[PDB]
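Chemist: kindly return the folded structure for what I paste below:
(2 chains)
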Amino acid sequence: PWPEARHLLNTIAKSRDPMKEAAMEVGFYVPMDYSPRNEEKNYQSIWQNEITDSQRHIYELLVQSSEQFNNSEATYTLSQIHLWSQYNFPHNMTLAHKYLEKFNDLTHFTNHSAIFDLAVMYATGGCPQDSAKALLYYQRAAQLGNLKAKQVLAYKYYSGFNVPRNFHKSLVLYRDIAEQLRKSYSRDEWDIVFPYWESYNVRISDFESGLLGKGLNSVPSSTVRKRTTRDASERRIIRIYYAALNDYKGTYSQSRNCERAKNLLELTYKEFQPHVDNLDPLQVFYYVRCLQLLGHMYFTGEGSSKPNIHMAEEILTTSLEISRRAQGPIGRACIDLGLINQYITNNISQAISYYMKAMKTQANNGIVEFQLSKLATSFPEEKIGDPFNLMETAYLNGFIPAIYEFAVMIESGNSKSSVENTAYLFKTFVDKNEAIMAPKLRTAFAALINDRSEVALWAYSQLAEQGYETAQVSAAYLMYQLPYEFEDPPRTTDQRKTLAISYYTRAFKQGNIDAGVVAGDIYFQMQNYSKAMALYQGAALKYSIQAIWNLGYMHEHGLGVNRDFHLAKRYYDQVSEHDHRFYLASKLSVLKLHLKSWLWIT
Amino acid sequence: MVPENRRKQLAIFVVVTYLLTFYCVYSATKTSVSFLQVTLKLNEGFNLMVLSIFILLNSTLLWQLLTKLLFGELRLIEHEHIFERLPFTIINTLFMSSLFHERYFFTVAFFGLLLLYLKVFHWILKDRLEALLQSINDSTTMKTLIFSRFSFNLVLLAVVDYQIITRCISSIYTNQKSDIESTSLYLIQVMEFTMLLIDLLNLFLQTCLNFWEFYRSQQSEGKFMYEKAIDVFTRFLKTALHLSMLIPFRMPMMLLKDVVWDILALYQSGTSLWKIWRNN
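Modeler: Numbers count the residues shown, from 1 in each chain, chains lettered A, B, ... in the order given. Take a look at the structure below.
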């Protein structure tokens, strides 16, 4: 019956991602607490009222096929259905476990995707957690040749979580994965132009107020792109350019749509070219910016079939001519022209001149120094900077291939070639390519903005183990939030909190600060008072306001340390000294302190 | 004083302010996590102004009760006087406030309201002394304890302003910072409270004059001469301090106003000096 099963499943379009369908022409709800009885009753109601009869027939056929015969291909499919909540079916975390276990029993440790998922489910203890079985499964899935498994093992060896600290093993694993990733790219994608994949590496709960309060948190918000923005004659070109931009680099709610931008740019160029001379005061800026954007879109070839190299060159040199007078910007135009005449045409000196004019611009990230270093390596008689220095500046700026090239270069020669710096470089590369190792962030966000919340928690828990800090703090926020004042605390089970604490702690040790304060609050609610002050002090040494004030509050009460009012006043004067706007609260707290002291009457 | 409709208006004002502040506090609380955030929310503009209104109301009520305790009840002449004299001083104090911007917004208001209350106290004190002189009762000698009560009022206000000025001079001396405008602010406080102290000194010497007059008159030149002499003495001290302080600061307006009214007071002092020459 499985052939008929596949033929039927061919017509349901597994998962709809509103980030993509909203590109033809807000936020989400997160929950606060959890209860298994409510969830299973919701599951029963969904199966009772929503599902259509054809889907009933399909699911019954699937159960019969995967139960009667050891089909080994209906089990996997039904497990994926119940796990990623595809084909309009609801989420179950125990039955997916059952079916993945059956599949692993069948295929005798030959399939590594199911082994990876099972190791995750055995390490997070969703279903008790047992680290040894999960580690064995990680090893096994690393042997078979999975990348993410090698990455999670390398990270687990690099941070000291769950195993002792060790830098050489992490170095070896990171070198292996960096080599594979370098060999997974073509020559044109590496040398000429890097592909543009939309990143969803943001942490959730930055669209909302924030973590541990607004205007109170230390680490700045990380939402790099969300709807950039800034009377009849003037505003038209502004609106048209901003529509072009907002449809070139897609946003979070709506992904990119490039053909629209191509049409719009060619239309506005053909319409505005005859009479450009009248737009001197301000509009020449935005017009030449649009012109450069369209030239770049032609040179790369996005939104079209193939690149138009010669037309792009003419368009860009026209843009640069228009820019010469009225002193417009030359960044992207010079960058692209240099990229062209160095490889497409065989005149190198012009490319050198272009790059040298482009180095000091703001628009470049790392391309200029990268090409300069490669050429200087190929032609030592140019007298153009120093290869190590150029690759160094490139790596520092943030260009991806430069990270790997600089790691290789610093490993080839001493130049402070310790194990820590090299491990850090390779980890930076592996983490920051993000196009193969972290594709599940897209899926997580998609499933999250269509009311399926648990599957988002699952995807984020899967991405936590690899070391993607933002995914860690996101899964944490979805498992436990900070409750508003004078309100009952959440009602989540104990395992939920004891996992959220680990995720918070690893997020903190990764570099984030606010996770320290929030984990301290989790312990404070859990009535520990012992391991809380530890994190509190560890964060206070990094100058956190709420951390310091809360440490004061902890001291001046009977919990933990015993009633040392002096150190309390010390910490309150500290929080008043470091930052300003907390003046009133510091003073009022010292006043309460004085009042307690005097009420001496007894 | 207080008309009936004014009293009901004030009761309405009090209850409205209390309700507004309670609502604002509960609002800024229920939408916050920790004390720091609700503080940053109370400091917000609307809630800031509402809390400042509450503070002003409670401070006026506190000062009213303090007055009722200290000076009992005021005579109608005193109330007419104070109601007449308030506005010019209120404008002068607002002008002192407008000298410094957002940096010194609140502490200036603190010291200004303190100065206002102390000036009201000094004026009602002078009027009470003048009443005591009119209402003198020669049935008994001016016993040590009656002068003791009056001088209790005097030394109360004396030690108050003296503590204030000495603490302010100490704050000036310890704060040799780049924040020179704070030193100028403290100098304004010194000018005001020292003016009050010199007024108290004037009143002290005049009441000792009357005490010695009663002393000799019961036991055993015109007093007008000595009264006017003390007047000139205290006005001269005023002028000297005003010069010696405001010339360093080179104030555009307080300097000119103060010294102009001081030279007019010196015109009056020269006329009284001619009275003395006629009484010589």
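
Chemist: can you name the residue of the stretch 201-350 of chain A nearest to chain B?
Modeler: Proximity to chain B, evaluated over the stretch 201-350 of chain A using Cβ to the nearest Cβ, is greatest for residue A:213 at 4.4 Å. Quick note: C-beta positions are derived from backbone N, CA and C, even for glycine.

Chemist: nearest spatial neighbour of that residue, skipping sequence neighbours?
Modeler: Distances taken as Cβ to Cβ, 6 or more residues apart in numbering or on different chains place residue B:37 nearest to residue A:213, at 4.4 Å, with adjacent residues excluded.

Chemist: do the same with residue A:253
Modeler: What sits nearest to residue A:253 in space, not counting adjacent residues and going by Cβ to Cβ, 6+ apart, is residue A:26, at 5.9 Å.

Chemist: give me the number of residues near the one you found?
Modeler: The number of residues packed near residue A:26 is 9, by other Cβ atoms under 10 Å in any protein chain shown.

Chemist: what's the neighbour count on the closest residue to chain A within the stretch 1-150 of chain B?
Modeler: Closest to chain A within the stretch 1-150 of chain B is residue B:39: 3.8 Å, counting by Cβ to the nearest Cβ. Look at residue B:39: counted by other Cβ under 10 Å, it has 21 neighbours.

Chemist: what about residue 277, neighbour count?
Modeler: No chain specified, so I'll use chain A. Residue A:277: 8 surrounding residues under other Cβ under 10 Å.

Chemist: I was thinking of chain B, sorry if that wasn't clear
Modeler: Burial measure for residue B:277: 8 neighbouring residues, criterion other Cβ under 10 Å.

Chemist: with residue A:547 instead?
Modeler: 25.

Chemist: surely the residue of the stretch 1-150 of chain B closest to chain A and residue A:576 touch.
Modeler: No. Residue B:39 is beyond contact range of residue A:576, at 11.7 Å (criterion: Cβ atoms under 8 Å).

Chemist: what touches both of these two?
Modeler: Common contact partners of residue B:39 and residue A:576 (Cβ atoms under 8 Å, 6 or more residues apart in numbering or on different chains): residue A:582.

Chemist: from the rest of the structure, what touches stretch A:343-354?
Modeler: With Cβ under 8 Å, 6+ apart as the test, stretch A:343-354 has contacts from A:191-192, A:309, A:334-335, A:337-339, A:341-342, A:371, A:375, A:379, A:382, A:384.

Chemist: what residues does chain B have near chain A?
Modeler: Counting by Cβ under 8 Å from any Cβ of the partner chain, the residues of chain B close to chain A are B:29-40, B:42-43.

Chemist: show me the chain divided up by domain.
Modeler: Chain wasn't specified; assuming chain A. A:2-108, A:234-419, A:472-598 (automatic domain parsing).

Chemist: meant chain B actually
Modeler: For chain B, automatic domain parsing gives the domain ranges B:1-70, B:73-204, B:221-280.

Chemist: dump those domains into a markdown table; add distance to residue A:298 as well.
Modeler: Output for the domains of chain B, formatted as a markdown table (distance: least, Cβ to Cβ, whole Å):
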| stretch | distance to residue A:298 |
| --- | --- |
| domain B:1-70 | 50 |
| domain B:73-204 | 53 |
| domain B:221-280 | 66 |
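
Chemist: now the helix or strand encompassing residue B:277, how far from the chain's geometric center?
Modeler: Secondary structure assignment for residue B:277, by DSSP states H and E: helix B:254-279. With Cα atoms, centre = their mean, to the nearest Å as the basis, helix B:254-279 stands 23 Å off its chain's centre.

Chemist: and for stretch B:37-54?
Modeler: Centroid separation for stretch B:37-54 versus its chain: 29 Å, with Cα atoms, centre = their mean.

Chemist: which residues touch that stretch?
Modeler: Contacts with stretch B:37-54, where a contact means Cβ under 8 Å, 6+ apart, come from A:213-216, A:485, A:581-582, A:584-585, A:588, B:17-18, B:20-21, B:24-25, B:28-29, B:31-32.

Chemist: pull out the buried positions in that stretch.
Modeler: By neighbour count on 16 or more other Cβ atoms under 10 Å in any protein chain shown, the buried set for stretch B:37-54 is B:37-43, B:47, B:50-51, B:54.

Chemist: and what of stretch A:36-51?
Modeler: Buried residues in stretch A:36-51, counting neighbours by 16+ other Cβ under 10 Å, are absent.

Chemist: in ChimeraX, select just the buried ones from the contacts of stretch A:343-354.
Modeler: Isolation of the buried members of these (16+ other Cβ under 10 Å) is achieved in ChimeraX through the command below:
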select /A:191,192,334,335,337,338,339,341,342,371,375,384
